[PDB]
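The structure under discussion appears below in the form of structure tokens.
There are 6 protein chains.
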Amino acid sequence: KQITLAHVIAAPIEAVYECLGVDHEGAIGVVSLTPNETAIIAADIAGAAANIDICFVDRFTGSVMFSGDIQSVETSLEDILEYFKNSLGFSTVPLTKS
Amino acid sequence: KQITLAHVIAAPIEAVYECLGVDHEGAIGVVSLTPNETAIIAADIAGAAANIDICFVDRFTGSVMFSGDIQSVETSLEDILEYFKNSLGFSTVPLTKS
Amino acid sequence: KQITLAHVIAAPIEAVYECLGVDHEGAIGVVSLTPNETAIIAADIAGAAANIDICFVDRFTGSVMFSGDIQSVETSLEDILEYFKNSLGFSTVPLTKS
Amino acid sequence: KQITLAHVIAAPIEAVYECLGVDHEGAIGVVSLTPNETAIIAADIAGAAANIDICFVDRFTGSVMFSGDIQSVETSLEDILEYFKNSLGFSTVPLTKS
Amino acid sequence: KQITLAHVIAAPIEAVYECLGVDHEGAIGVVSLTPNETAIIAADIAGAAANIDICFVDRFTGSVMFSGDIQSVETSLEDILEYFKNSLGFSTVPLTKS
Amino acid sequence: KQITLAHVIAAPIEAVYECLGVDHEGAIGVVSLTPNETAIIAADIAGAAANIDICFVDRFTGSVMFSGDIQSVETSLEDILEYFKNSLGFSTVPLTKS
Numbered sequence: 019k020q021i022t023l024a025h026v027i028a029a030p031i032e033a034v035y036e037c038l039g040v041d042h043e044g045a046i047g048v049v050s051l052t053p054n055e056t057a058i059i060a061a062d063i064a065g066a067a068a069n070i071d072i073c074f075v076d077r078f079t080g081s082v083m084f085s086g087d088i089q090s091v092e093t094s095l096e097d098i099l100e101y102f103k104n105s106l107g108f109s110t111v112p113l114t115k116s
Numbered sequence: 019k020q021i022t023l024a025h026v027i028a029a030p031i032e033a034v035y036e037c038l039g040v041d042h043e044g045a046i047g048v049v050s051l052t053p054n055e056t057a058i059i060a061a062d063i064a065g066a067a068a069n070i071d072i073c074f075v076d077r078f079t080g081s082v083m084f085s086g087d088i089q090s091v092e093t094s095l096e097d098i099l100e101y102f103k104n105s106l107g108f109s110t111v112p113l114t115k116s
Numbered sequence: 019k020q021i022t023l024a025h026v027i028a029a030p031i032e033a034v035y036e037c038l039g040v041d042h043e044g045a046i047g048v049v050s051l052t053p054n055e056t057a058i059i060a061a062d063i064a065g066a067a068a069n070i071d072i073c074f075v076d077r078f079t080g081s082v083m084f085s086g087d088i089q090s091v092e093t094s095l096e097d098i099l100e101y102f103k104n105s106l107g108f109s110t111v112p113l114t115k116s
Numbered sequence: 019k020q021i022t023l024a025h026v027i028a029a030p031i032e033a034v035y036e037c038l039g040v041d042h043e044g045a046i047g048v049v050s051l052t053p054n055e056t057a058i059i060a061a062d063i064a065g066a067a068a069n070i071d072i073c074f075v076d077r078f079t080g081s082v083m084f085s086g087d088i089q090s091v092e093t094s095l096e097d098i099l100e101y102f103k104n105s106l107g108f109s110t111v112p113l114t115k116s
Numbered sequence: 019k020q021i022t023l024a025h026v027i028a029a030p031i032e033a034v035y036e037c038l039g040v041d042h043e044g045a046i047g048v049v050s051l052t053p054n055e056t057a058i059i060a061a062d063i064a065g066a067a068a069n070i071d072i073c074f075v076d077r078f079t080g081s082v083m084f085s086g087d088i089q090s091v092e093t094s095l096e097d098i099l100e101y102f103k104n105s106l107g108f109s110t111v112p113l114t115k116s
Numbered sequence: 019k020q021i022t023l024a025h026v027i028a029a030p031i032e033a034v035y036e037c038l039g040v041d042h043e044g045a046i047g048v049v050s051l052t053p054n055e056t057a058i059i060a061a062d063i064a065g066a067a068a069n070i071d072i073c074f075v076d077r078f079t080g081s082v083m084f085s086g087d088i089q090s091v092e093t094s095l096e097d098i099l100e101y102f103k104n105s106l107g108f109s110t111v112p113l114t115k116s
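Chains as they are written, first to last, in the deposited numbering: chain A, 19 to 116; chain B, 19 to 116; chain C, 19 to 116; chain D, 19 to 116; chain E, 19 to 116; chain F, 19 to 116.
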């Protein structure tokens, strides 16, 4: 049980927005974890902050992405890292910004 | 022989339901175990409570997911943990809620 | 976390330009990394040099391509390799030219 | 990083030419490699011998095809295998003739 | 590298002939292989027996079909299976009749 | 190699008949399989019961449809499922009625 990425893109670009198909507004939170199925649980905690929009949940690769105000995304990532670490006994990586 | 996840999502969201393709009603039980093939045996015990709906069984990764009323999912997970522990001699993780 | 390709094509040809659909001017930077989703983060750093044009970002295969003056592409690739190595703790391959 | 095919068809037929849409003259060099995006780099090296004509470059499947005199195609395939092996650290298959 | 189908239809029907657009005479050899591009190489070996007529070559799906006397089609399929197995190092399925 | 649909419509309607262009008499057998080209082989086995009429064979999508008495259509579907499973080593879905 590992979270290998819990990243936030503060200021994405047109090509990054167009790729995900979002409103060209806000940060993007990216998460990678193993086992791959737990992307469904991570997506749930990220989606609990109602202003966060789930971009895609891939249960095969273990990937989650979501958009919203920089602050909401950081809280969502922080919440995912905190729960998975303390409750689900995952070994989490530190949060990263670009 | 390990069950590394036996998790229930009590109140999933639109994006989580849409991802699995269910009726946007009920909890979701998630299970990870090794060896990976025994996802077929776990799915059988989860599917024995006839109101539980099997979402996907992955025998390559060792992943099972299923929907239904919060109570049915908990019983299904509890039954899987109890059988695999006592009968199949697995080392099980405690049941988790989100 | 691996960057397996960080390549620059200094002098591409008509068929290579026509394939990507660019202005038949400049070098092409090609990047492959795992996990595949981090193509979104690599594309962001490549797109930060405003004269670089993002050709395609594939989050499923982990592939990024972008065009612009040979010098801009090298800096973009160099920046991607430097950040992913130092910040995101990736194991990067050396930059390559054709 | 693998080149799984680097094949030359010395004497193709009407149906093979008509399928690719070439001048019904010369051999056809076929290349398959992973990652799939590096078909763009292989196409560049094949297209460097100016008498070779690029038929199609598929960056999604990792496929390159090109026509020209039997000798030009062999050199192009030989060059691709040599560069990818020595420079890009690919594990190449032997060249094949039909 | 896999040949998943190498099938012969000994006695096709009006609707099968009309679908392919052939002279309503002879067997039909059907071939599926991965990678998909090698349908071009399979078509070449099938077309080497000059009485065989190439129906379609799909390089995207990896599909080849061709008509002619039952004996010519069997030899063409047998030749494809033998070459791809021994030379191109494919894992071939047994030849099938309907 | 998968048969994903092997369905029979016992009592179709005017709009369904008019859509296919049949004599407004009998059931309709619908089949979906991958690879898509094997629709030609499925159509052959369905067309072997001479009272069955082939509606369309799509080798690109992998789709077959045919009309005739409810009993003939069931036998044709049953025969397709049995052959593809036992001979061609397909993983077949159960037959369905509407």
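All residues carry an ideal CB built from backbone N, CA and C; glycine is no exception.
Note down, in chain order, every chain C residue with its Cβ under 7 Å from the Cβ of residue i.
{"i": "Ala33 of chain A", "result": "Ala61, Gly65, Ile72, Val75"}
Report yes if the CB atom of residue i is closer than 8 Å to the CB atom of residue j, and no otherwise.
{"i": "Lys19 of chain F", "j": "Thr114 of chain E", "result": "no"}
{"i": "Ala57 of chain B", "j": "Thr93 of chain B", "result": "no"}
{"i": "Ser81 of chain D", "j": "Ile59 of chain E", "result": "no"}
{"i": "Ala28 of chain F", "j": "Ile72 of chain F", "result": "no"}
{"i": "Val91 of chain C", "j": "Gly39 of chain C", "result": "no"}
{"i": "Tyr35 of chain C", "j": "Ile63 of chain C", "result": "no"}
{"i": "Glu32 of chain D", "j": "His42 of chain D", "result": "yes"}
{"i": "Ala45 of chain B", "j": "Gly107 of chain B", "result": "no"}
At a CB-CB cut-off below 8 Å, which residues of chain E make contact with residue i?
{"i": "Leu23 of chain F", "result": "Chain E residues near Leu23 of chain F: none, gap ~19 Å exceeds 8 Å."}
What residues from chain A crowd round residue i, counting only those whose CB sits closer than 8 Å?
{"i": "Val48 of chain B", "result": "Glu55, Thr56, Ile58, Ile59"}
{"i": "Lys19 of chain C", "result": "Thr22, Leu23"}
Quickly, what does DSSP pair residue i with across the bridge? List them, please.
{"i": "residue 158 of chain A", "result": "No answer is possible for residue 158 of chain A: it lies beyond the span of chain A, which begins at 19 and ends at 116."}
{"i": "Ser81 of chain C", "result": "C:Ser50, C:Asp76"}
{"i": "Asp87 of chain E", "result": "In the DSSP output, where bridge partners are listed per residue, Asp87 of chain E has none listed."}
{"i": "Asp71 of chain E", "result": "E:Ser85"}
{"i": "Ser109 of chain D", "result": "D:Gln20"}
Note down, in chain order, each residue of its chain lying with its Cβ closer than 8 Å to the Cβ of residue i, except the 5 sequence neighbours on either side.
{"i": "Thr52 of chain A", "result": "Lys19, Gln20, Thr22, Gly80"}
{"i": "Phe74 of chain B", "result": "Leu38, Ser81, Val82, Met83"}
{"i": "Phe78 of chain E", "result": "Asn54"}
{"i": "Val26 of chain D", "result": "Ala45, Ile46, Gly47, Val48, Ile88, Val91, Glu92, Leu95, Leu113, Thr114, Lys115, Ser116"}
{"i": "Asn104 of chain E", "result": "none"}
Skipping 5 residues on each side, what residues in its chain have a beta carbon closer than 6 Å to that of residue i?
{"i": "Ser109 of chain E", "result": "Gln20"}
{"i": "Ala61 of chain B", "result": "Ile72, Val75, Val82"}
{"i": "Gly65 of chain D", "result": "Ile72"}
{"i": "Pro30 of chain C", "result": "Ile46"}
Going along chain C, which residues have a C-beta under 8 Å from residue i?
{"i": "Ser109 of chain A", "result": "Per Cβ cutoff of 8 Å: no residues; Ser109 of chain A is ~13 Å from chain C at best."}
List the residues of chain D whose Cβ lies closer than 9 Å to the Cβ of residue i, in chain order.
{"i": "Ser116 of chain E", "result": "Near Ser116 of chain E there are no residues of chain D at all, since even the closest Cβ is about 24 Å away, more than 9 Å."}
Residues of chain A with CB closer than 7 Å to the CB of residue i, please, in chain order.
{"i": "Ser105 of chain C", "result": "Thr114"}
Within a Cβ cutoff of 7 Å, which residues of the same chain sit near residue i, ignoring the five residues on either side of it in sequence?
{"i": "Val111 of chain C", "result": "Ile21, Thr22, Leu23, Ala24"}
{"i": "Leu99 of chain E", "result": "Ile21, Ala24, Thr110, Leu113"}
{"i": "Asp76 of chain F", "result": "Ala57"}
{"i": "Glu96 of chain D", "result": "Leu113"}
{"i": "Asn69 of chain C", "result": "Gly86, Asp87, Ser90"}
Compare the C-beta of residue i against all C-beta atoms of chain I and say whether one is closer than 8 Å.
{"i": "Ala68 of chain A", "result": "The structure shown contains no chain I; its protein chains are A, B, C, D, E and F."}
Chain-ordered residues of the region 85 to 100 of chain E with a beta carbon less than 8 Å from chain D
none
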